[PDB]
């Protein structure tokens, strides 16, 4: 008795997934998506945050970093003699051209999967209605179900003066027509670390402002190695120190600090966090119960209004990740229309940080596993080592960080770790890898864990040689045994 079966307010990963899956069932779908311009005026097309100002551009930026390293460390050692200069402006061009492809690419995929895209803001009018603008004339449509999927945007703190007026965000940094030069990043979140990662690797004086600890939430050992690697590679780290003032001194940005120090940067980037973009939705009036944290309350993807659902960055007590959006979004479209009652096993969500060395994992940090099971049912088997090709390169620290005459070597680029449970035959509850291609490595092993692997199964695993992944077949050292888990020997993670 409603104009539609399903309306979706948000053209993001979660958004477009639910829409297309819902449409695979002859069910009639509207989708809204409009890009409110950033605090610095930046704006873009269809696909959401992952296509535009997220995972897609990110990785191309990381890739162009990973390249630049090999060039500087590896190219000659592998017998390739090289000049190379870098133009920000062209890297941008490659991003915008590929992203443009995807914006278009996606519009089409919605049309072809038979979904009515409308480029316009939506605003909840009641349990089954929404309001938008059309030619600047406000029209209203009605649905059996509605999906909120609006994503978030960056939080620039309003108590630090000269932030909003000047500082850029994640939404602007892939597409600066201007190389950002000497750059302060405020954040030791996955984004900040990643973003201060490629600026450095791409040869820009990069400082990082860490209020306390790096990557709050993730496993401590693994995060402490990442920071150690990034210091070694020319990223500087002001811990316990945030900005308290930001001002324009000529064509530079002077940045007063909490400890009582000052510094000038050509570009400043607040990576401090994100707030769900739910303010224009008009929630509370409809009756959508939202947390103290602004995030919406809907842990089975269903709000306080049961004709209304939510997914992705906006819903509380779930990771903010693209595939987590998608699975939930697909399922919700199945559960409703195609007789299903599957929900995501949240106990098993892999992720990977693409820091200059990548960190992947599934399940519990050593810390979280020590709590749930106590430091007696907990055994930490690990091996820290160099991947063969990089062992051969003899990668060195930049001069300005040398302390002695045999100080040349970067840290070993890998660390593998399984955390397992004495009282469940050493059942595996934590899988963690710091290295190149951590995600490519993390993936296969996420499913073995989720199929209930033990250390027994791991050691009966036969290696692929040479790989860094094979180290998992021969972890024997332990935290409890206290002895050396280092492996200088360039045999690798197996023989």
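Numbering follows the first chain given and starts at 1.
Taking only CA atoms, the mean B-factor in the PDB entry is higher for 119-127 than for the other of 119-127 and 92-100. Mean CA B-factor, 425-433 versus 36-44: the higher value falls on 36-44. Across the residues 351, 284, 78, 221, the deposited record lists the maximum Cα B factor for 284. Per the deposited record, 139 carries the highest C-alpha B-factor of all listed residues (394, 300, 139, 225).
When the CA B factors of the chain's modelled residues are split into thirds, the value for residue 265 lands in the highest one. In the PDB entry, residue 174 places in the middle third of its chain by CA B-factor. In the PDB entry, a CA B factor belonging to the highest third of its chain's modelled residues is recorded for residue 27.
In the PDB entry, a CA B factor belonging to the highest third of its chain's modelled residues is recorded for residue 398. When the modelled residues of the chain are ordered by C-alpha B-factor, residue 361 sits in the lowest third.
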